[PDB]
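Data first, discussion second: the structure below is written as structure tokens.
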Amino acid sequence: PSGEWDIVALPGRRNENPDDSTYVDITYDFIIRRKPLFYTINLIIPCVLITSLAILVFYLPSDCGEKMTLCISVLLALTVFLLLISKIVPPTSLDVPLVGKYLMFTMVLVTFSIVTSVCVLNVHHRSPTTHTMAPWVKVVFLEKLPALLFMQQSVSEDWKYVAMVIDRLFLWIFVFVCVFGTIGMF
Amino acid sequence: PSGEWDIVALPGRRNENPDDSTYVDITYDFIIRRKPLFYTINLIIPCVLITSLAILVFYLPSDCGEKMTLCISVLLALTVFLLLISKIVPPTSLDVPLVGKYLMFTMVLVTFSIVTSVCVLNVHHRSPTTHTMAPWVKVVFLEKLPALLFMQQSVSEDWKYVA
Amino acid sequence: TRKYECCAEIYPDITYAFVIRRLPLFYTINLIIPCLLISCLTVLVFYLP
Amino acid sequence: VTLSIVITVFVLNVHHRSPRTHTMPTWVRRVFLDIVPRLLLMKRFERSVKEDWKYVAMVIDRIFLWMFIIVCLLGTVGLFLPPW
Amino acid sequence: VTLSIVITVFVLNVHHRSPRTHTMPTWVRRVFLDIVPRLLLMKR
């Protein structure tokens with residue numbers, strides 16, 4: 174027993190080329206199966222463990238100011254895992270490994286997450302003296318509020344409420360798209 | 174088929190030197206085209222992915238105090254990508270790979286961004302009692318504000344608006 | 194010519210000295226410019242409030 | 291540790307919350323103000346609600362810390378048992 | 291840069307201290323409130 178690899182079947186077939194009439198050879202085919210218990214625990218579990226945190230930066234409150242650290246660190250660790258899985262996978266441009274594709278997809282997703290997070294964090298701190306913009310915002314958000322099943326409710340806290348509403352919406356759509364991102368390879 | 178590298182053409186030509194009258198040889202030329210997808214997924218996607226944050230850092234508000242973390246993380250990651258892309262390219266000073274050139278340019282850009290960000294952060298937290306300096310700034314920035322297509326408008340709030 | 198410990202006679206030799214230079218562009222575009230660029234921040238932190 | 295980070299971001303979002311937006315204190319006050327005497331912890342308009350909402354976060358943090366340290370110590374005992 | 295980090299933690303400590311704990315202003319006021327003209331720094 175070789176350990177990591179298991180042997181399925183070892184057939185051998187003779188090949189003769191009729192047109193040439195001088196080419197004769199024997200081909201043995203080895204169908205080898207990788208035992209995945211080692212690679213699973215060591216690569217897949219940390220991968221899903223860290224990628225489960227993409228949906229997480231949105232639920233953090235914006236006034237704490239710690240979205241950036243967590244999201245940048247997640248993106249950094251994800252790039253590290255991508256480079257590692259690229260180093261261990263054979264450099265074949267013919268086909269793409271499924272794990273690398275999923276990691277690139279969720280990395281672009283985390284970039285979208287960080288840009289919308291900086292947007293909500295910027296709109297969070299606007300004081301009422303600078304960006305008043307009351308009528309265009311009230312009429313739209315007072316009506317948008319019930320459509321999100323959000324709990325019902337000076338202006339400085341109104342801006343915070345705006346930020347909370349918009350980032351909760353981003354989280355609702357974000358978990359939804361991540362569910363399909365997982366289903367794509369279920 | 175070998176996988177990565179694909180052959181385009183294999184010309185062969187006999188070289189004769191009329192000067193020596195003895196030197197003869199046969200030169201075969203291999204023109205090979207690298208398949209891009211591997212190095213593409215491994216380098217181009219992360220590089221173009223993280224380069225947006227350099228110009229994105231400015232939209233971040235100064236009061237939260239997260240400009241420094243963002244910018245330093247971006248610059249560190251960018252230096253890491255630079256060293257990694259330099260390790261794989263052969264160390265030949267005959268030419269520069271265009272990716273490395275663009276990355277060094279955006280590195281200069283982000284290291285200018287860090288200093289302008291620390292400057293705006295310093296002029297932000299300034300207190301109204303210490304550095305009044307009103308008249309030289311009042312007219313110039315209140316004239317400049319409408320030219321920037323920015324919304325128009337206790338002294339600390341004025342300093343924050345200036346920042 | 195030299196004279197070694199083994200023997201009485203002198204032995205000849207030919208010394209070839211190669212004096213060569215390194216093309217500097219690669220290491221000055223990928224190694225020294227990053228550190229020289231990030232060394233300009235050690236004084237910047239004092240201006241930060 | 292990832293369970294720890296998710297539970298601590300949960301408790302951050304619960305703590306740093308504001309009284310005027312997500313008040314909803316009816317069912318929470320009765321339960322998270324009486325687990326404290328069981329946990330052996332001595333007790334103490343908008344500022345009052347803020348203080349209460351901070352206190353509930355501190356209490357849930359402690360009640361999670363107890364279980365977490367128990368689980369960690371029992372795990373470190375269970376894994377390294379057969380050698381000794 | 292390590293000299294910079296030690297001097298900057300010192301200055302952070304000097305900044306964050308409170309009036310009731312670390313007053314000690316007798317020697318400080320005459321020397322550090324009359325150096326801003328020597329350094330060309332305008333007063334309050």
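Chains as they are written, first to last, in the authors' numbering: chain A, 174 to 326, 337 to 369; chain B, 174 to 326, 337 to 346; chain C, 194 to 242; chain D, 291 to 334, 342 to 381; chain E, 291 to 334.
Where a beta carbon is used, it is the ideal one built from N, C-alpha and C, also for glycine.
> If you drop the 5 nearest sequence neighbours on each side, which residues of the same chain put their C-beta closer than 7 Å to that of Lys347 of chain D?
Replying inline: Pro309
>> Using a Cβ distance threshold of 8 Å, determine whether the stretch 272-290 of chain A contacts the stretch 299-312 of chain A, with at least three qualifying pairs required.
In response: no
> Could you give the distance in angstroms between the alpha-carbon of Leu216 of chain C and the alpha-carbon of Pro270 of chain B?
Replying inline: 16 Å
> Going straight from the alpha carbon of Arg207 of chain B to that of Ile217 of chain B, what length do you get?
Replying inline: 15 Å
> If contact means a Cβ-Cβ distance below 8 Å, which residues of the stretch 250-275 of chain A contact chain B?
Replying inline: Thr252, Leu255, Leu256, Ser259, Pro264, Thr265, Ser266, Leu267, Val269 and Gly273
> If the cut is a Cβ gap below 9 Å, which residues of chain B does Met314 of chain E touch?
Replying inline: Those do not exist, as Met314 of chain E stays about 22 Å from chain B at its closest Cβ, beyond 9 Å.
> Can you give the beta carbon distance from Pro264 of chain A to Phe254 of chain B, rounded, assuming they're within the 8 Å contact cut?
Replying inline: Rounded, the Cβ-Cβ distance is 18 Å, inconsistent with contact.
>> Quick test of your reading: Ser266 of chain A and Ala227 of chain A, contact by CB under 8 Å. State the CB separation rounded to the nearest angstrom.
In response: That pair is no contact at about 28 Å.
>> When you compare the CB positions of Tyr344 of chain A and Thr311 of chain D, do they come within less than 8 Å of one another, or not?
In response: yes
>> Strictly below 7 Å CB to CB, what residues from chain B border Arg334 of chain E?
In response: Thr302 and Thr303
> Which residues in chain A sit within 9 Å of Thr311 of chain D, going by Cβ to Cβ distance?
Replying inline: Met324, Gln326, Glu340, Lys343, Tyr344 and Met347
> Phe357 of chain A: buried (16+ other C-beta within 10 angstroms of its C-beta) or exposed?
Replying inline: buried
> What does a CB cutoff of less than 6 Å around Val296 of chain B pick up in its chain, not counting 5 residues either side in sequence?
Replying inline: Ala346
> Counting only beta-carbon atoms, is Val296 of chain D nearer than 8 Å to chain A?
Replying inline: yes
> Going by the beta-carbon positions, is the gap between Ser235 of chain A and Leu318 of chain A smaller than 8 Å?
Replying inline: no
>> Can you tell me whether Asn295 of chain A is helix, strand or coil according to DSSP?
In response: helix
> Do three or more CB pairs link the stretch 242-256 of chain A to the stretch 196-203 of chain A at distances below 8 Å?
Replying inline: no
> Among A:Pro191, A:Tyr201, A:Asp193 and A:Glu189, which residue has its Cα nearest to the Cα of residue 333 of chain A?
Replying inline: Between 326 and 337 in chain A the model has nothing, and residue 333 of chain A is one of the residues in that span.
>> My assumption, with CB atoms under 8 Å, is that residue 334 of chain A sits in contact with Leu321 of chain A. Please give the rounded CB distance.
In response: Position 326 is followed directly by 337 in chain A, which means residue 334 of chain A is not present among the coordinates.
> chain B partners of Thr242 of chain A, CB-CB under 7 Å?
Replying inline: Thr242
> When the Cα atoms are used, what is the spatial distance from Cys237 of chain B to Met324 of chain B?
Replying inline: 21 Å
> Whole beta strand (DSSP E) runs in the stretch 261-316 of chain A with 3 or more residues, listed along the chain?
Replying inline: none
> Just curious, the alpha helix (DSSP H) that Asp341 of chain A is in, first and last residue?
Replying inline: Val338 to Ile366
> Hey, quick one: how far does the alpha helix (DSSP H) through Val301 of chain E stretch, first residue to last?
Replying inline: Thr292 to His306
> Can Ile214 of chain B and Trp178 of chain B be called in contact, C-beta distance under 8 Å?
Replying inline: no
> How about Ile325 of chain D and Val368 of chain D: are their beta carbons less than 8 Å apart?
Replying inline: no
>> Closer than 7 Å between beta carbons: that is the criterion. Which residues of the stretch 304-321 of chain A meet it against chain D?
In response: none
> In this structure, does DSSP put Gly238 of chain A in helix, strand or coil?
Replying inline: coil
> Any idea what DSSP makes of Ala182 of chain A, helix, strand or coil?
Replying inline: strand
> Is any beta-carbon of chain A found at less than 8 Å from that of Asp236 of chain B?
Replying inline: yes
> Between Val212 of chain C and chain E, is there a C-beta pair that is closer than 8 Å?
Replying inline: no
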